[PDB]
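Below is one structure; the comments refer to it alone.
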């Protein structure tokens, strides 16, 4: 199914995922598309930072839901 | 100077700060105003998560700049 | 009538309500004022969590009553 | 170490615990001392609900800390 991930800088991308995918799995797909390693990503749904080991289902993220993405860098 | 801190869920608060305030200082101010514990706060500007030991001036955060606020639970 | 909804981190929200308002109506007022999604809200009176579908009058909540608010975020 | 568990009706109990105790272990001690079943207990520290599987040291809960206890039961 499709979900959207919107950066805080206004860029939207479309990902193909399954309810069973972990947040770690979703970050790997984002790297596949955008080149950002998972450790430098923080994903956000309903105002909360999500945990690598929980699933989209855990968070009730469904078809065409929008997550937000921010970078987590050191020094910048 | 005044800055705006916005959650992704529609709440805006205004804070009085100085350019030399650290992000740690700013989270303490948000705790004072809104009650949110500092370890559960993640502040965002320029599409990225901010670090506790840097100042507002370090990130070029100026008067009337908007920061975003998201929550992080986990061990916090 | 007015009621007060206190968090466990020392903040107080004042709400205008009616005795016939449901717990869900109260959560929608809190979403309007504070941005908190109703799905994350748990309202408390007399030390216990309150249920969707009941009215304020069903719990003997009256003018100037104080409720508590705690958050429960799906999946942490 | 000693900790306090306080309900929102002001009922306070003290418990003897170790930093390595899980939140579930704490709920079990509460059941032993006060006869509240663990399923009915929501334990809160720093405004956030605590996960059953995590330890007191995971949350940096130190000697003489106060946890709040909210009761969850349908029908009242």
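Residue numbers (PDB author numbering), protein chains in the order written: chain B, 1 to 76; chain A, 1 to 76; chain C, 1 to 76; chain D, 1 to 76. Each residue gets a CB set at the ideal place from its N, CA and C atoms; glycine is no exception.
Item to complete: For residue 12 of chain C, return the contacting residues in chain D, with the cut-off set at a CB-CB distance below 8 Å.
Response: Walking along the third chain from the start, residue 12 of chain C turns up at place 12. Residues of chain D passing the Cβ test: none, with the nearest at roughly 14 Å.
Worksheet item: If you count every other CB in all the chains shown that lies within 10 Å of the CB of residue 62 of chain C, and 16 or more means buried, which is it?
Response: As a working note, residue 62 of chain C is residue 62 in the third chain. So residue 62 of chain C counts as exposed.
Item to complete: Consider the Cβ of residue 64 of chain D: report whether some Cβ of chain C lies at a distance smaller than 9 Å.
Response: Along the fourth chain, one-based indexing puts residue 64 of chain D at 64. Chain C contact via Cβ: absent.
Worksheet item: What residue does the alpha helix (DSSP H) around residue 11 of chain B start on, and which one ends it?
Response: What you label residue 11 of chain B is simply residue 11 of the first chain in a count that begins at 1. It is not in any alpha helix (DSSP H) - residue 11 of chain B carries neither H nor E in the DSSP assignment.
Worksheet item: How about residue 37 of chain A: is its C-beta nearer than 9 Å to some C-beta of chain C?
Response: For the purposes of this step, residue 37 of chain A is identified with residue 37 of the second chain, where counting begins at 1. Closer than 9 Å to some Cβ of chain C, the Cβ of residue 37 of chain A qualifies, so yes.
Item to complete: Give the interface partners of residue 73 of chain A over in chain C, defined as CB-CB distance under 7 Å, in chain order.
Response: For this step, residue 73 of chain A is matched to residue 73 along the second chain. Near residue 73 of chain A (Cβ distances below 7 Å), the residues of chain C are 73 and 76.
Worksheet item: Taking the alpha-carbon positions, what's the residue 18 of chain B to residue 59 of chain D distance?
Response: Here residue 18 of chain B refers to the residue found at position 18 when the first chain is read from its first residue. Here residue 59 of chain D refers to the residue found at position 59 when the fourth chain is read from its first residue. Computed Cα separation, rounded: 32 Å.
Worksheet entry | Contact under 9 Å by Cβ, residue 23 of chain C with residue 55 of chain C | Reading the third chain from its first residue, position 23 is the one you call residue 23 of chain C. Reading the third chain from its first residue, position 55 is the one you call residue 55 of chain C. Yes, Cβ-Cβ distance for residue 23 of chain C and residue 55 of chain C is below 9 Å.
Discussion item. Residues in the same chain with beta-carbon distance under 6 Å from residue 124 of chain B, minus the five sequence neighbours each way, listed in chain order, please.
Written reply: Within the shown structure, residues of chain B are numbered from 1 to 76, placing residue 124 of chain B beyond reach of any answer.
Practice prompt. Could you check how far apart the C-beta atoms of residue 35 of chain C and residue 10 of chain A are, in whole angstroms? I think they sit under 8 Å.
Written response: If you number the third chain from 1, residue 35 of chain C lands on position 35. If you number the second chain from 1, residue 10 of chain A lands on position 10. About 4 Å; that satisfies the 8 Å criterion.
Practice prompt. Locate the beta strand (DSSP E) running through residue 44 of chain D, then write down its first and last residues.
Written response: Numbered from 1 along the fourth chain, position 44 holds the residue referred to as residue 44 of chain D. 41 to 45 is the extent of the beta strand (DSSP E) around residue 44 of chain D.
Discussion item. For the beta strand (DSSP E) containing residue 17 of chain C, name the first residue and the last one.
Written reply: Start at 1 with the first residue of the third chain, and residue 17 of chain C comes out as number 17. Run containing residue 17 of chain C: none; DSSP gives neither H nor E here.
Fill in: Below-9 Å beta-carbon distance, residue 48 of chain B vs any chain A residue
By one-based count along the first chain, residue 48 of chain B stands at place 48. Closer than 9 Å to some Cβ of chain A, the Cβ of residue 48 of chain B qualifies, so yes.
Discussion item. With DSSP as the reference, identify every bridge partner of residue 71 of chain B, one or two as the case may be.
Written reply: The sequence position of residue 71 of chain B within the first chain is 71, counting from 1. According to DSSP, residue 71 of chain B bridges with B/41 and A/48.
Worksheet item: When the distance is taken between beta carbons, is residue 15 of chain C closer than 9 Å to residue 2 of chain C?
Response: Counting from one through the third chain, the residue named residue 2 of chain C turns up at place 2. Counting from one through the third chain, the residue named residue 15 of chain C turns up at place 15. It is a contact, given that the beta carbons lie within the stated cut-off.
Worksheet item: Since residue 9 of chain C meets chain D, which of its residues come closer than 8 Å, beta carbon to beta carbon?
Response: Locating residue 9 of chain C in the third chain gives position 9, where the first residue counts as 1. Per Cβ cutoff of 8 Å: 46 and 47.
Discussion item. Could you pull the DSSP bridge partners for residue 5 of chain B from this structure?
Written reply: In the first chain, counting from the first residue as 1, residue 5 of chain B sits at position 5. Answer by DSSP bridge pairing, in chain order: B/13 and B/67.
Practice prompt. Determine, using beta carbons only, whether residue 5 of chain C comes closer than 9 Å to chain D.
Written response: Taking the first residue of the third chain as 1, we reach residue 5 of chain C at position 5. Output row for residue 5 of chain C: interface = no.
Worksheet item: Ordered along the chain, which non-local residues of its own chain (more than five positions away) have a Cβ less than 7 Å from that of residue 40 of chain B?
Response: Residue numbering aside, residue 40 of chain B sits at position 40 when the first chain is read from its first letter. Answer for residue 40 of chain B: 71, 72 and 73, listed in chain order.
Fill in: 8 Å CB neighbourhood of residue 51 of chain A in its chain, flanking five on each side removed
Along the second chain, one-based indexing puts residue 51 of chain A at 51. Taken in chain order, the residues that qualify are 23.
Worksheet item: Whose C-beta lies closer than 6 Å to the C-beta of residue 57 of chain D among residues of the same chain, with five residues either side of it excluded?
Response: Position 57 of the fourth chain, counted from the start, is the residue given in the question as residue 57 of chain D. For residue 57 of chain D, where only same-chain residues beyond five positions count, the Cβ hits under 6 Å are 19.
Worksheet item: Measuring CA to CA, which of A/38, A/68 and A/49 is closest to residue 75 of chain A?
Response: Along the second chain, read from residue 1 onward, the residue named residue 75 of chain A stands at position 75. Looking at the Cα atoms, A/38 is the closest of the given residues.
Fill in: Contact with chain A by residue 52 of chain D, beta-carbon distance below 9 Å
Along the fourth chain, one-based indexing puts residue 52 of chain D at 52. Cβ-Cβ to chain A under 9 Å: no for residue 52 of chain D.
Fill in: Near-chain C residues of the region 13 to 33 of chain D (beta-carbon distance less than 8 Å), N- to C-terminal order
none
Discussion item. Rounded to the nearest angstrom, what separates residue 43 of chain C and residue 64 of chain C at their Cα positions?
Written reply: One-based indexing of the third chain puts residue 43 of chain C at position 43. One-based indexing of the third chain puts residue 64 of chain C at position 64. Cα to Cα, the separation comes out at about 16 Å.
Fill in: Contact with chain D by residue 40 of chain A, beta-carbon distance below 9 Å
Against the second chain, residue 40 of chain A aligns to sequence position 40. Closer than 9 Å: yes.
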